[PDB]
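What follows is one chain in structure tokens, specifically the form deposited in one PDB entry.
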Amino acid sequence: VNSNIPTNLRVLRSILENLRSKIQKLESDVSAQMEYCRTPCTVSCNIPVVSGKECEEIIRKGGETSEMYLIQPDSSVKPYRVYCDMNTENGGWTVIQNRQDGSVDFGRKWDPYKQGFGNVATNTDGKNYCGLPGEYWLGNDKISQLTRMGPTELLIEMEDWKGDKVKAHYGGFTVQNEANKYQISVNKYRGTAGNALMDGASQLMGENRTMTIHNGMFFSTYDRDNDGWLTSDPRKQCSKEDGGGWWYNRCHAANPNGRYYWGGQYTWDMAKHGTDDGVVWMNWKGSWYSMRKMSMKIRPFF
């Protein structure tokens, strides 16, 4: 009667056959999309007349609608494109990072995070200007220089897959140059999302919490280790796992730049390395919840 069970462990063929029919689809999808990519996406962002040092100056000079604008925070830096938010809290916000859909891969090396990547904005169809922001990470160099022009406040917003929004304001925010590994630093916290950057994640007692503080942390990309998790094992690096370019510290309490998990809820047995990568803000929605919308914008604070 030991041959009524092995006969039964036939559900092994059943499964194994499903996993060979799946690999079928996945192989076809990857080929389809690969064709789709023989042709790129295009935008025609006709530049707005008005301009300034940053968005605060532009809202003041009459730039009332949120869209792509050209800025030159210095007579020695080539004017660059950027998306300005003129509506959220008195406007004048210079968008530094943005997540809304899953259009852009944020898992990049040190250089791309230096120069910037993604789409600043796209056309509002019918309109000949890009009033809609894309997903991007304005270079680290540009974000550093921008915060070192004088006092600068940082606004971090996010929304879950149901509609709820929460903020995180830091009345003080600076970012050193590349020689100082773009070290971050913030202060003066408000918002209703939880001071993750400063007090680590509010849901873990002891050393476990302090090790999740970004404030004062260097910047790291999977190809450049500057996190606060000392280990000679090349596979154990906050950026490698967790999947973003960020001020990791063994590792995080906040993880914008994380993987865009559609739907919101996701689990360890879904993550590449089994960690909580994904657009995450722990002090608000846990560790296994990737935000639908998550952004980072700045202003001079004047």
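In this text, rigid core is short for the largest set of C-alphas that superpose within 1.5 Å between two forms. Shifts are known only where both forms have a C-alpha. The numbering used is simple: start at 1 and walk along the sequence shown.
The following text describes the form deposited in another entry, which does not appear among the structures shown.
- The Cα shift for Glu35 between this form and the one not shown, taken after rigid core superposition, is smaller than 2 angstroms.
- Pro234: CA moves 2 Å or more between this form and the one not shown after rigid-core fitting.
- 1-9, 231-235 are the runs of three or more consecutive shared residues whose C-alphas all shift by 2 Å or more between this form and the one not shown after the rigid core is superposed.
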